[PDB]
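J.: all I have is the shape, not the residue letters:
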């Protein structure tokens, strides 16, 4: 086509929008002409509310037409190197030109993709969030593939060249093989029943929410493993570079040894009776919802500990690095000395008769559902106090920066003078002979 | 005298400003010279962190030097019409020039003000938040005075010309007779024991948090009255233009008639046994913490009602305009039909056996501490549900956009499948035969 032949086709397309609607076709034709006149490489038509596109200017390398309401596309020029048409209503794509490198077609209604095996320059496909039931055979040199949130039931052969692969939230039931250069795999939210070998190049592996009984041998290179919400009976041996492990909501009976590189562990909601020796550099331990009789000696750098919902009868020495401690629902009769930098303590649902001396940086304290007869002095740093369901007849003087006081289901005869910036006061089910004066600041009051 | 004499004084003042250097003196001398060179009216030196100012350019009308660390000021030029030096550390002011019109010296440590009676052009003084024990005699033509947050124990004579007056948060115990043009008075947070006469021109009156037994006659012009936190036994007759009344936290035994112009009423925390007939155009009624046996018929436009902490045994017809209803802590055995546009219902602490059909726009529901045996169907609009302390054995299907579920202290045998974006689940003290699966989303969990 000559130059004025395009000008006609585009001015004709400009009228096929009915007079008075949301489409900025006049702005689009302005850009189409500017692009043709200057032989520009890029053409961006995004956020103009288009239902269709006219014949595209040839000799362009990049077409961005995302965030519109397109139903299909016109044939693509042969010079085209990248295509960005995400956030549209595309049910299918045209045939793709040979020089193509990027394909971004996520957030559409694509039911199929065109033939991909003959686009050797195509290195990135983001076709996530579509209605794809199946993938055609992939390009030779594909580096990045994202096809999450689709209805895939099986996978084609994956290239040697492949590095990043997201196939999560599909209907996969197995993975036959992975390429040797894959460094990052997300296969969450499928129905996968078994993995085959993992390549040594792998460093991030996320298989959350599948139906595994066991994992294959893990690469020594592997750094982060997420294997939550499966039916794991045990973990395989863990590599020496693994620093983050989440194996929660499985049926693990016992852990193998943990490497010294491990800094973050989560084995919540399993069948553990005991933990093995924790590594020195561990900073975050979650071991809730298990059957723990006791914890092993805690490492010097541990800063967050959640050992709730267990049957721990005795709590060992707490390291000074600890800042967040939760031991709700255990068999505790006493807590040990609380470390100075502690900020949040949750020791509810045990058999405590009293609390240790509270450290001076404690901002949140929940010691409800114990048999506590009186409260030790409260630090001024305290903002939230929950001591419902205990054996209290009186509360100590309340710190001035307290915002929430919950002390219902006790035997309180009176409440102390209330802080002037208290937000919440819950003292139902008590023996109050006199009700306190309520600050203007309290917005959520329950009493008597 | 001359131009280069100022240039010297300012370059001398520029050296020096230790601890070198929290002060932008070089930027300030730049503006001082630009101001002198161009004979400009304004000079702004705010947010430059100055500890002092040098000799000012004469022939300027406006000096803005707020948000600095000034301890005193240089003598002010005679041409000066306005002064803005708030947010500083001024302990005193210089003598003020005759042509002055605005004085903004709030947020300082001023212990006294200079002689004001001889500045006839001075029409606005904002000297609030200082350490003033006393005011000098005021200008003849003063229109606006703000001296809130000071240590005043008495007031000088107020001009005829005075319109707006804020004297709140001081140590006043009585009021020096008010001028006849005053349209707006705030005398909150003093120890005022008695008001004398209010001028007819008055339209806004705020005497919150004083020690009044009664109010003088109110002007017919009066539109908004705040008289909270006093010892009022009764209100005087209310004028026909009054649209906002807050008489909460007093000792009122009964209300007089309410004018039809009244749109917002608050008589919380009084000694009321009944309310009088509500006006048709009322939109907001707060009558909490009283001894109400029943409410009168509610007007068609009432949108917010808080009649909590009373002894109401029967609740009359609720108008469709109602959106926010709170009847916590009364003698209710049943609720009437809930209007369609209702969004928040709080009916906790009554004797309810069941709830009416919940309207479809209800987002927050608290029906705790009743004797409810089963819950009617919950609308999908519901985000927060509190039904603790009731006679429930099961919960209905939970709407999908529920974020908080509190159903502790019941007889629940099981909980329904939980919404996937639930934040809080509190179901302690129940009969759960099996515990539900906990979504990843729930961050605050309490259960048996």
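T.: The structure has been received and is ready for your questions. Numbering: from 1, shown residues only, chains lettered A, B, ... in the order given.

J.: how about stretch A:115-122: buried residues?
T.: For stretch A:115-122, burial by neighbour count (16 or more other Cβ atoms under 10 Å in any protein chain shown) applies to A:116, A:119, A:122. Yep, even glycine has a C-beta here, placed from its N, CA and C like the rest.

J.: out of those, who's nearest chain B?
T.: residue A:116 (34.5 Å; Cβ to the nearest Cβ).

J.: test my guess that the closest one contacts residue A:141.
T.: No: using Cβ atoms under 8 Å, residue A:116 makes no contact with residue A:141, being 11.3 Å away.

J.: what do these two both touch?
T.: Here residue A:116 and residue A:141 share the contacting residues residue A:122, scored by Cβ atoms under 8 Å, 6 or more residues apart in numbering or on different chains.

J.: where along the stretch 101-250 of chain A do the helices fall?
T.: With DSSP state H, counting those that start in this stretch as the criterion, the stretch 101-250 of chain A has no helices.

J.: show me the strands in it, by range?
T.: A:102-104, A:124-126, A:144-146, A:164-166, A:184-186, A:204-206, A:224-226, A:244-246 (DSSP state E, counting those that start in this stretch).

J.: show me the one of those strands that comes nearest chain B.
T.: Taking the strands of the stretch 101-250 of chain A one by one with Cβ to the nearest Cβ, strand A:244-246 is closest: 11.2 Å.

J.: okay, and the beta partners of residue A:326?
T.: residue A:306, residue A:346 (DSSP bridges).

J.: and it, how far is that from residue A:388?
T.: Separation of residue A:326 from residue A:388 (Cβ to Cβ, to the nearest Å) stands at 17 Å.

J.: more crowded one of those two?
T.: Each of residue A:326 and residue A:388 has its neighbours counted (other Cβ atoms under 10 Å in any protein chain shown); residue A:388 has more, 22 against 19.

J.: surely that one and residue A:406 touch.
T.: Yes: Residue A:388 is within contact range of residue A:406, at 5.3 Å (criterion: Cβ under 8 Å).

J.: now for the two: what residues contact both?
T.: Residues touching both residue A:388 and residue A:406 (Cβ under 8 Å, 6+ apart) are A:368, A:426.

J.: what residues does the stretch 251-400 of chain A put near chain B?
T.: With Cβ under 8 Å from any Cβ of the partner chain as the criterion, the stretch 251-400 of chain A meets chain B at residues A:348, A:369.

J.: right, and chain B sits closest to which residue of the stretch 251-400 of chain A?
T.: Chain B sits closest to residue A:369 of the stretch 251-400 of chain A, with a gap of 7.1 Å, by Cβ to the nearest Cβ.

J.: go on, the stretch 1-150 of chain A?
T.: Of all residues in the stretch 1-150 of chain A, residue A:149 sits closest to chain B, at 15.6 Å by Cβ to the nearest Cβ.

J.: that residue - how many residues pack around it?
T.: Using other Cβ under 10 Å, the number of residues around residue A:149 comes to 19.

J.: so it sits against residue A:166, correct?
T.: No: judged on Cβ under 8 Å, residue A:149 makes no contact with residue A:166 at a distance of 9.5 Å.
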